[PDB]
Structure formats: structure tokens, C-alpha cells
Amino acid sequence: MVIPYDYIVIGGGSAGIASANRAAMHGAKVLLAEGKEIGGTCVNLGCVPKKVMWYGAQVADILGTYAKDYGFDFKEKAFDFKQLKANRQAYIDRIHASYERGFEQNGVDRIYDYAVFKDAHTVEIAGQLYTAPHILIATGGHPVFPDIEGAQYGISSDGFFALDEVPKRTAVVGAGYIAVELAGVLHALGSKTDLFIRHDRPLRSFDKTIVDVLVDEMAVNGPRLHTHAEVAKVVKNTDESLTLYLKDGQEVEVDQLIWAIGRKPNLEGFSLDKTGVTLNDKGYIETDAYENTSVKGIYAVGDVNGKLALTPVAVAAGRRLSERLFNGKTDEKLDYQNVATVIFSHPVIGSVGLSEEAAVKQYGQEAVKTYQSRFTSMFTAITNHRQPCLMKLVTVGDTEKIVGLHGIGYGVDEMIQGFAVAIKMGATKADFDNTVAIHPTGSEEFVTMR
């Protein structure tokens, strides 16, 4: 006895929930399987708790650094990490309850268990067979641990959310946005923080002028950056502390070691090999522009397809797929070009489009012209801890089309979304120049460069 559905979604993360709900909105009978907690990485171990801890860091900077220069004094300051975590978990628990009510309203069927393939169009969940002509693999990814002696004494970003107290000393190893974000939060919350990168600078894919501001501010306040660093081994002393040994002979003793050296897709444990789905050279599920796998009736959306590991990409791709399969939108698909990103570093980095380096590689040096503005954020300008801001435009051709917009500085996290619309619409430097500024804001520096 096999139970039929119009759509089976494997994974209740950003990709699965979005695609499941949109499919249900268009009359499809949908089954969603989730082996862990609803909301996947974004809600339980990613964007959401990361942002809550980042706001905790912004409050920590107000109390320990800026409040004094605004005339506010106090004493017996104390920090209760368990209270911030309990409030963080209560908020996530309300997001879980909200998704469930949504499923009760739209009629999505959910099974909180592991889905395993039997063949290309049939899955087994809790000893019951389910079949559908449309199956979405939305299994996400997982953190990677290096093949280094003692690597098991360290934790990943999952481990960061399991901490119950600020470590006195923390080592963060990695050079991507997660390494930089977690290092900044631990530093703001009072941990002696050391960040280790293997090459010359962090965030290698982001505009160098922007990252250089971040590196300089880290050297003034932030975590201690160690460049050209390779961990040789990690030893756990009998006193429970960890000793990191670098290939160059240096060593650092810490209380916690966070590995943020990459993520890999969840491809094993669910008989993916019984479907015939093929992987690309990168090791992700191979898909076309419409998220079709190599097998008809099987789609792959989110981190598991390796295109862009961002929640809004997974959400939009999943909704556009449901539109295509169940609302007759044959040509519906996501444009993965010019997707804006915000890194909750200290200060915050916002970016959309090409770095100067990427524009030069795609259009040639003569065609590229950049505009930039450096200034101190008014918020920090009245204090003894002045923080720089840098906003940059990357333009190409005689009409100076804006192919990239990047910023670093206080409040940049909320500035990018509107500009990402203008760039999607083909904005030129003349469109920016014809827009009247909003004063006083940091965002106005984007439209007043000459």
C-alpha cells in the first residue's frame, strides 16, 4: 500500500518550506518530511540566532564603548549569557509554532521523520511508502571539520549556538563570512578572540577596498587576525584547555576552537543513489536553470544544488519552482545574478554585484571606473572610538552603468536592498546623481559621489 501525493518535499528548511507552501497555495497535495527541527539551518543554526547574537553584540558595544561619550555612566555591569540564549530560543520556538499554523491553514501534510528513497518516485518515511510525480530534494548542507589531529576538540557554527557562556579565549579558524561574523560577536561579548586565515586577507570574494577597512578596524579594536596561518594540530591539555599548533611554529592556548572552513551538501544516508540523480564536478546535485535534476520528476533547490548558499535564494527558487510545476508558469526560474548580501561583521559589510577586481576581469580595466567616499559615521564621530565608513560604486562603459555597489560602516545592513532594485533595473551613475539625498544618513554618500 503506497500513499500518493502531488508533491513530496525532502527537508523542512528555507527551500522546502517555501516550495511546499507555494505548491499548497496552488491546490497541490503536498507532503513535507523534516528529520530535525522545522525551519532548517536559517531558523535553528543560522541567520536568525546569528542575528539575535549580533544584536547582543551591538548592545555590548553600546554599554562598554559608546554610552560613556553620550553622557551615560553606570556600574556593577553584569552579562547573563543564559538569559540572552533563553530569549533567543523563545523567539525561534515562536517561529516554529508560526510555520505549523501556516501548514494547518494551507493543508500541507508534514512528517517529522527522515525520508529515504526506494526509487526515483517513491520514498519511505517511518516504514510507510509515499509516491509523487514531483519530488523536491531540499536537504541543505552541514559544517566541515578538517582532517587534523585534535580537530574533534573544536566545534562548528552548530557548536557556537550550543555554548551556554562566553569562552574566556576563543580561536576562530576560517576566512568566510561565518568566521568573520562569529569572531566579531565573541569579541564584542568579551572573549579574547583570535581569527586564523590561511591566505593574505579574509572575505577574498569581496571588494578589497572594503575588506581592507575591516582588517584595519580589527587591528584597532576587533579580534587579532593571524594571516598565512595553517593549523598543524590541536592538543587537549588535562586542564581541559586547547593548544593550537601552527605550521610556522606559533601556538595559542584557548577555551574553545570554532572551525568555519566550509560547508558540504547533505547527499548521504537517504538512498539518493537509488534515484539515478547525478552530481556536478563541484560535488553538488546537478541542476538546470529550472532546478531540474538529471532525473525527470526530481528537483534540487537550496544549498544542496550549490548555486548560492543564502536563505532568500533558496526561498525564491523554491517558490518559482512551485509556480512552474503547479501554477502553469512554464518559463518561471530564479536569476542568480546580482544577489545582494550583508555580512554582520564589525563594522557591517553590504554588497551587490561585482567587486572592482571582478568587473575588471569581465569588462577590462579601461571600461571600469570606481567612485568611493570615506567618512566617519556620525554615531561614532562624537565619541573617542571613531569608526570609518567606505561606500564604493563600480561602473562600466560611457554610460557608467552601476555593476557593483559596496559599503562598510554603521547601519549599512539596511541600506543595500533598495540599491539592489536599482541595479536589477540597470541603474547608471546619472540615475544615482538624479536622486535627491536623504540627510543626515550614511546611505546618502551612495548618491553624492563625484
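Just count from 1 along the sequence shown to find any residue number.
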Looking only at CA atoms, which has the higher mean B factor in the entry: 96-104 or 171-179? 96-104
Comparing 406-414 with 30-38, the higher average Cα temperature factor in the PDB entry belongs to 30-38
Of the residues 150, 184, 312, 297, the one carrying the largest Cα B-factor as recorded: 297
Compare the CA B factors listed in the entry for 199, 247, 208, 329 and report the winner. 329
Third of the chain's Cα B-factor distribution that residue 89 belongs to, per the entry: middle
Please place residue 269 in the lowest, middle or highest third of its chain according to the CA B-factor in the PDB entry. highest
Using the B-factors in the PDB entry, rank residue 320's C-alpha atom against the chain and give the third, lowest, middle or highest. middle
Compared with the other modelled residues in the chain, in which third is the CA B-factor of residue 191? middle
How does the C-alpha B factor of residue 256 compare with the rest of the chain: lowest, middle or highest third? middle
